[PDB]
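Protein chains in written order, with the entry's author numbering: chain A, 1 to 57; chain B, 1 to 57; chain C, 227 to 279; chain D, 227 to 279.
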Amino acid sequence: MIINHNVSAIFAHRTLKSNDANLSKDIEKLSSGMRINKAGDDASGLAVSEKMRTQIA
Amino acid sequence: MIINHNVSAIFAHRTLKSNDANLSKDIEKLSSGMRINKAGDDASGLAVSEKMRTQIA
Amino acid sequence: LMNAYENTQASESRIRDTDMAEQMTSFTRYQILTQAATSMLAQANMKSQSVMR
Amino acid sequence: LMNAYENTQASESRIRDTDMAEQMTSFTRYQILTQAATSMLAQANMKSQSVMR
Numbered sequence: 001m002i003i004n005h006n007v008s009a010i011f012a013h014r015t016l017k018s019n020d021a022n023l024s025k026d027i028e029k030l031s032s033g034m035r036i037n038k039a040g041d042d043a044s045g046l047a048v049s050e051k052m053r054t055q056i057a
Numbered sequence: 001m002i003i004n005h006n007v008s009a010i011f012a013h014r015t016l017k018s019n020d021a022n023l024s025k026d027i028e029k030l031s032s033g034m035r036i037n038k039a040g041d042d043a044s045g046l047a048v049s050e051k052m053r054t055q056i057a
Numbered sequence: 227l228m229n230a231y232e233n234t235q236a237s238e239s240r241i242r243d244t245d246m247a248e249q250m251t252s253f254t255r256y257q258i259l260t261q262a263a264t265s266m267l268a269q270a271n272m273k274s275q276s277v278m279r
Numbered sequence: 227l228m229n230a231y232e233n234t235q236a237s238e239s240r241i242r243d244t245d246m247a248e249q250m251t252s253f254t255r256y257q258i259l260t261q262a263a264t265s266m267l268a269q270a271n272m273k274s275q276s277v278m279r
C-alpha cells in the first residue's frame, strides 16, 4: 500500500469542495430570493435584466 | 471545508441586514400613511409638497 | 379658491400619500424574505459542524 | 424631543446592543475550534508514548 499519498482522499476532498461550492451558492439564492446576485452566476442574465430594472423605474 | 472562516454565513447575514432595514421603512409608511416620511428618499417631493401645503393652508 | 383648494390637496396627495394596497405588497415581500434569510442563516451554521465527523 | 430620542436610540443601539445574528455566527465557529483544539491536545499525550517502548 502507498502509505505516503492517499489518492482516494485526494479524489474525495476535491469532490467535497465541489459540493461545498454548490452548497454555498444555494444559501445565497435563498437568503436573497434572486437567482443572479453577483458577477459569475450569468454574464448575460445580469446584463439583460438590469435594463428591465431601470425601465421599470 | 474552511473552518477558521465561513463565507456562507457572511452573505446570509448581510442579506438579512439589508432586508430588515427595508422592512423598517414599510412599518413607518404603513402606520402614518405617507410615502415620504423623511427627505433623501425624495428630497424634491418633500420640498414641493411643503410648497403645496403652504398654499393649501 | 375652494376649487383650487381641492385640486392642490389632491395634487399633494399623489406625491406624498401612499397606496396602502400597493404598500402591503412590499411589507409581505420583506416579511417572507426575512424568513428565508433567517431560516437559512442556521442552515449555513449547521454546514460547518459536518466536518467534525 | 420625540424625534431626537427616536434618532439617538437607533444610533446608540449600534455601539451598545450587540447583533444577535452575528454573535451566533462567531459563537458556533469558536466552539468548533474548542472541540477541535481539545482533540489535538488529546493526541499530543498519546504522541509522547510512541518512543517509550
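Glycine included, C-beta positions come from ideal geometry on N, C-alpha and C.
CA-to-CA distance, residue j to residue i, given in whole angstroms
i        : j        : result
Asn22/B  : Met272/D : 55 Å
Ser49/B  : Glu248/C : 21 Å
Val277/C : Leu16/A  : 10 Å
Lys51/B  : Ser237/D : 31 Å
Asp42/A  : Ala230/C : 53 Å
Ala57/B  : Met228/C : 11 Å
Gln275/D : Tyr256/C : 60 Å
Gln235/C : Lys25/A  : 50 Å
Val7/B   : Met1/B   : 11 Å
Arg14/B  : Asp245/D : 12 Å
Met266/C : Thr260/C : 10 Å
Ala39/A  : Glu232/C : 51 Å
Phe253/C : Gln55/A  : 23 Å
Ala270/C : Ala9/B   : 6 Å
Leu30/A  : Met250/C : 22 Å
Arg279/D : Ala12/A  : 36 Å
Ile3/B   : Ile3/A   : 26 Å
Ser239/D : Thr264/D : 37 Å
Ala47/A  : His5/A   : 46 Å
CB-CB length for residue i against residue j, believed under 8 Å
i        : j        : result
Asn37/B  : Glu28/B  : 5 Å
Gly33/A  : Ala262/C : 6 Å
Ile241/C : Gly45/B  : 5 Å
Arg35/B  : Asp243/C : 6 Å
Per DSSP, cross-strand counterpart(s) of residue i
i        : result
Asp243/C : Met34/B
Worksheet item: Listed from N- to C-terminal order along the chain, which residues in the region 246-261 of chain C have their beta-carbon within a distance smaller than 7 Å of any beta-carbon of chain D?
Response: Against chain D - using a Cβ distance shorter than 7 Å - the region 246-261 of chain C contributes no residues.
Worksheet entry | Short-range partners of chain C found in the region 37-57 of chain B, where Cβ spacing is below 7 Å | Listed by position along the chain: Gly45, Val48, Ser49, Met52, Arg53, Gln55, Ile56.
Worksheet item: Given a limit of 8 Å on CB to CB distance, which residues of the region 6-39 of chain B reach chain A?
Response: Look at the region 6-39 of chain B: the residues with a C-beta under 8 Å from a C-beta of chain A are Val7, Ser8, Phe11, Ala12, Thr15, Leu16.
Practice prompt. Could you pull out every unbroken alpha helix (DSSP H) segment of at least 4 residues lying fully inside the region 7-55 of chain A, listed in chain order?
Written response: Entirely contained in the region 7-55 of chain A, the alpha helix (DSSP H) runs reaching 4 residues are, in chain order, 7-32.
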